[PDB]
Number of protein chains: 2
Amino acid sequence: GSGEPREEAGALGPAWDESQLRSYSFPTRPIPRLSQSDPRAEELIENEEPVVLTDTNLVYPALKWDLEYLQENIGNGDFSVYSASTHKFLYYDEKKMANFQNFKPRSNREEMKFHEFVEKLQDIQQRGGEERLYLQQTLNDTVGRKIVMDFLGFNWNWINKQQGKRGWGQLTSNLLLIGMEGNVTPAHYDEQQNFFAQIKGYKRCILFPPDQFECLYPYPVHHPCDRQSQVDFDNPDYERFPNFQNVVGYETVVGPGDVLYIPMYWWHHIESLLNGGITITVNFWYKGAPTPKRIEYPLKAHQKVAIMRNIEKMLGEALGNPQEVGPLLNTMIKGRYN
Amino acid sequence: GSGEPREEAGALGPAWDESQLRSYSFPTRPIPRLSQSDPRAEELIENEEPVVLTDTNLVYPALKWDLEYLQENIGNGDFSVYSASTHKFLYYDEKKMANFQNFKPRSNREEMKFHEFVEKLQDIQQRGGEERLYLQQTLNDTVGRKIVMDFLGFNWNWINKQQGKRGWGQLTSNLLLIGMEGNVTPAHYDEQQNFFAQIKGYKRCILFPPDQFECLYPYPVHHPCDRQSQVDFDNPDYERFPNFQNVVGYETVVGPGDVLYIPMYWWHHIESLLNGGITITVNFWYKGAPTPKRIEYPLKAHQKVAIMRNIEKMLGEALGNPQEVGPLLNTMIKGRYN
Ligand SMILES: O=C(O)Cc1cs/c(=N\C(=O)[C@@H]2CCN(S(=O)(=O)c3ccccc3)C2)n1O
Ligand SMILES: O=C(O)Cc1cs/c(=N\C(=O)[C@@H]2CCN(S(=O)(=O)c3ccccc3)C2)n1O
Ligand SMILES: [Zn+2]
Ligand SMILES: [Zn+2]
């Protein structure tokens, strides 16, 4: 999967061991770890394939970040902090909750100050509780001068050259992620290009190419969990999701200084290693390049994914009610295309 | 189904008996036979429900038509004549035959003069052959003066008032249908409003409302047999088409002078009665009224049918190949909406 664990400099031991990885039913192949100066890494990014770049220095000034330094300097703004009773955080589109009245939400959001999230995490650790927290906040203007200086110290030269070379849209946001050990963001896909810059701790990243759509069974587009896989990776229901027995992933473990390119529409399952301490990540999201004027066949897998999304959307509007999308689609194919 | 057979005037016996009707697996209810002056008949047509009008005099001058009079006066143009080895005529869109290379056609068209079709039918009857023929030709300018006079004698006053009252488009064509006894046009639906004017002989008409789409399993839109039911009414495959066990039809027998309104998108199965002689029919097709500017919910069944047709069409163009429509639709719903 992730290969034999890397050895940290200065003979400080292995960065992790296989007992910090969760157990799943599918095989994986390693994502390549390359230098940013390696043309193989440019070839991968251009072909919209994942790659771990080891030496971008993208967030070099942020490698000194921890909770004390952040609490001291990140400012007095509000931070979105997500809770969870188990290791799996259950995200959902709150705007789409109206369409599914029989939807029980289980990972609630709560805005708080940074110093509150820090002492709330210290609250849990000593009381021995099993509640998990996950801070996920877009970096804004309300951060202190020191964080602004660190932010200005990012390798904007390298990443801006990446944005122009690939024809991507401009940077949409930076997401700061601080998570507890063992936290799991379940498999889902995003519609923007992602540079996943690891800062503190180690995160296991399992990626699935867009052509695995058939094996990962995303929720209906109108469901609050749109773009998330319905499959419970810890207890896969092979009767509902038989092609999950065919899924093959791409796996890597990113540590401080690593930058993982997650191509747009690629599924990713992200977990903070067991017993590995808190994790810190900053993401760089770019809107993908505009679709070519004339079409090249055969279509890319992510184009077919977008086609399916648009059919579901347009059908929900045409029928007036997203709940009728399913029965019409079954009416369309039953005994005609299946 | 069609009720007890009507008694012809002058004590000339029953117009038909139940032994001239084919045997099928589904129940039926009678289509109402009404006077054109009956408001119930106007209510049915306005609600796009079938009705048999008994006294339109729509094609009154044509009631004297037979093969001798037609051969004498219909002119020297070409007439499309369809052949068939069995009673079921297998029509298909020749333009869509490219998409389905593994399609074997079994009811071939052949253009000929009217006098040839007449003596070819006399050829078959005396040689005892089992080959069937079905003349289906749009009436054009190349018809003799006498047929023009008969055509001018149609009740244009009544039918034009119908066209304006319902907001329909203008008349698209008149189809002259001359068929042999026992001929069957299998179940299919049309996208225009139809006034089905019976002239000679009797035809059993079995209609299914558009909301029976699920029970009648039409071919893929890109298939040459688009808009036709895949179900063999003489040997229904309940394993492929389980909801055909739920279908209920509307049934009637039309004779000379009867006009059957077949509403747009209504399925119809039309058969010339066994041992009943040749049949003559003229159809009047009108494009339906333009769809209302703002939408009224819930949708009509035929609107959902049109929605499904457009998804299949647009998907075939987007993917570049109609053969990929099926697998993408299954990919879309398998384990997500089913
Ligand atoms: O725990 C982890 O490390 C894994 C993890 C935490 S958050 C996350 N992803 C996201 O938060 C967004 C939500 C929607 N998309 S988006 O449409 O591309 C977009 C991008 C920019 C602005 C708005 C929308 C990705 N991942 O994968
Ligand atoms: O044997 C019988 O009596 C039954 C029978 C014989 S032919 C027939 N139907 C048709 O020939 C057309 C083919 C396509 N449509 S259409 O889109 O509405 C249309 C209408 C006008 C111009 C062009 C297209 C109906 N039926 O039902
Ligand atoms: Zn994501
Ligand atoms: Zn028809």
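First listed ligand is number 1; within each ligand, the first listed atom is number 1. Quick note on labels: first sequence line is chain A, next is B, and so on, each numbered from 1. All heavy atoms count here, side chains included; hydrogens, waters and symmetry mates do not.
- The closest approach of A:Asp190 to the Zn ion (ligand 3), by N/O/S atoms, is made by OD2.
- Near ligand 1, heavy-atom contacts under 4.0 Å come from A:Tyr134, A:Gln136, A:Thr172, A:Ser173, A:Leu175, A:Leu177, A:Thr185, A:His188, A:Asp190, A:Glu191, A:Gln192, A:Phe196, A:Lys203, A:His268, A:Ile270, A:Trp285.
- The N, O or S atom of A:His188 with the smallest distance to the Zn ion (ligand 3) is NE2.
- Side-chain rings of A:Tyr24 and A:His269 approach one another, their centers coming within less than 6.0 Å.
- Tested against B:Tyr82, the residues B:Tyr134, B:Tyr91, B:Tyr92 include a single ring pair (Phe, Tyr, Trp, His ring centres under 6.0 Å) partner, B:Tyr91.
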**Request:** Apply ring-ring contact (aromatic ring centres under 6.0 Å, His included) to B:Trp267 and B:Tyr250, showing your working.
**Result:** CA-CA 10 Å; B:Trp267 300 83; B:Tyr250 292 89; over 10 Å; no
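- For the pair B:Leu260/B:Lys203, no side-chain contact is recorded, criterion being any heavy-atom separation below 4.5 Å from C-beta on.
- Residues satisfying the salt bridge (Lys or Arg N to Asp or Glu O under 4.0 Å) criterion with A:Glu48, sequence neighbours excluded, are A:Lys300.
- Counting heavy atoms from C-beta on, the side chains of A:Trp266 and A:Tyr261 never come closer than 4.5 Å.
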**Message:** Run A:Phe79 and A:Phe117 through ring-ring contact (aromatic ring centres under 6.0 Å, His included) and show every step you take.
**Reply:** CA-CA 8 Å; A:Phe79 287 84; A:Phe117 161 74; 8.3 Å; no
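- A:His268 contributes NE2 as its N, O or S atom closest to the Zn ion (ligand 3).
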